[PDB]
Amino acid sequence: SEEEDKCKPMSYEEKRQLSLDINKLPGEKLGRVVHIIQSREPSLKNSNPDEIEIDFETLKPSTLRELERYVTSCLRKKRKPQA
Amino acid sequence: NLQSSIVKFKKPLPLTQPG
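Now for a description of the structure that goes with this document. (Residues numbered from 1 in each chain as written, not as in the entry; some residues may be left out. Chains lettered and ligands numbered in written order. Heavy atoms only, no water.)

**Examining the layout of surface pockets**
One water molecule sets the probe size; rolling that probe over the atoms shows where empty space is left. To keep things clear, this is the line we draw: Of the two site types, the cavity is a set of points on a 1 Å grid over the protein atoms alone where a 1.4 Å probe fits but cannot get out, and the pocket is an open set with protein on both sides within 12 Å along at least five of seven lines, each lined by residues with an atom within 4 Å of a point. Grid points are joined across faces, edges and corners, and a volume is the space filled by probe spheres set on the points. Residue classes follow a fixed rule: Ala, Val, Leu, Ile, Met, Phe, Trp, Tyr, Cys and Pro count as nonpolar, while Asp, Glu, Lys and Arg count as charged, and any other residue, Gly among them, counts as polar.
Put simply, the largest pocket is a space of about 250 Å³. As for the largest pocket, its lining consists of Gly-27, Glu-28, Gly-31, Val-34, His-35 and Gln-38 of chain A together with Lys-11, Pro-12, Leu-13, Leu-15 and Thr-16 of chain B. Looking at the lining of the largest pocket, its residues break down into four nonpolar, five polar and two charged. Considered as a void within the structure, the second largest pocket measures approximately 170 Å³ in volume. When grouped by side-chain class, the residues that make up the lining of the second largest pocket number three nonpolar, two polar and six charged.

Have a look at this one:
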C-alpha cells in the first residue's frame, strides 16, 4: 500500500533500459545487482553464478526500483567502471 | 506470452554457491 504507491511499476521500455544498464555493469557491481534480485526474490535463491536469469516479470517494483537506483548510480556516474 | 527482455549473465566469483 505504501511501496507501490511510491514506486510505480516499470514499463516495458524501462525494463529494457534496466536490462541494458545491468548489461553495462561489470562483475563487481553485478554482485550487488544479483544481491538485490536474490534478496528481494527468495524464490530466485538458486541463481547459479554461471547462469543467472533476470525475469523482470516476477521482480516486484521494489526490486526494479532498487535495481534501477543502483545501476544508474553506477553507470550515470561511471559509464566505464573498468578500463 | 509477451516476449520480454529476459536477461542471462555470468557473474565472476560464485559467492552464492548453495550447499
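**A short note on the nonpolar core**
Just so we agree on the cut-off: Here, nonpolar core means buried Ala, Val, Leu, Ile, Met, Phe, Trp, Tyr and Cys residues that are tied together by side-chain atoms lying within 4.5 Å of each other. Only protein chains enter the accessibility calculation, which uses a 1.4 Å probe; a residue is then buried when its area is under 20% of its type maximum, exposed when over 50%, and partly exposed in between. By definition, residues are in contact when any of their heavy atoms lie within 4.5 Å.
Counting residues in hydrophobic clusters, the biggest one holds 21 residues, and the most contacted among them are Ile-22, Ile-54, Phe-56 and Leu-59 of chain A. Apart from the residues lying within four places of it in its own chain, the contact partners of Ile-22 of chain A are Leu-30, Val-33, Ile-54, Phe-56 and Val-71 of chain A together with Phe-9 of chain B.

**Focus on the interface of chain B and chain A**
Often, the extent of an interface is quoted as the loss of accessible area upon association of its parts. Definition in use: Summed over both partners, buried area is the accessible surface (1.4 Å probe) that two parts give up on being assembled. Any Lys or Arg side-chain nitrogen found within 4 Å of a carboxyl oxygen on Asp or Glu counts as a salt bridge.
Listed per partner, the contact involves twelve residues of chain B and 20 residues of chain A. Each partner contributes to the roughly 1,600 Å² buried at the junction of chain B and chain A, and carbon and sulfur atoms together form 56% of this total. Among the residues of chain B in contact with chain A, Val-7, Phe-9 and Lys-11 of chain B are the three that bury the most area, contributing 41% of the side total. Along the contact surface separating chain B from chain A lie three salt bridges. The shortest N-O distance in the salt bridge between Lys-8 of chain B and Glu-51 of chain A comes to 2.7 Å.

**Here's the deal with the pattern of salt bridges**
Close approach of charged atoms lets side chains of opposite charge pair. All names here are of chain A. As a reminder of what qualifies: The helix and strand labels rest on DSSP assignments: H or I over at least four residues marks a helix, E over at least two residues marks a strand, and numbering proceeds from the N terminus.
Evaluation of the coordinates by the stated rule reveals nine salt bridges over all chains. Here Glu-66 ties to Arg-40 by a salt bridge, and the two come within 2.8 Å at their closest N and O atoms. Of this pair, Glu-66 sits in helix α4 (residues 61-75) while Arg-40 sits in helix α3 (residues 27-40); the two residues are 26 residues apart in sequence, bridging distant segments of the chain. With a relative accessible area of 29%, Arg-40 lands in the partly exposed category. In this structure, the salt-bridge partner of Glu-68 is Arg-65, at a minimum N-O distance of 2.8 Å. Here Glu-68 and its partner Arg-65 are both found in helix α4, three residues apart, which amounts to about one turn of the helix. Given a relative accessible area of 16%, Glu-68 falls into the buried group. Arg-65 gets classed as partly exposed once you look at its relative accessible area, which sits at 38%.

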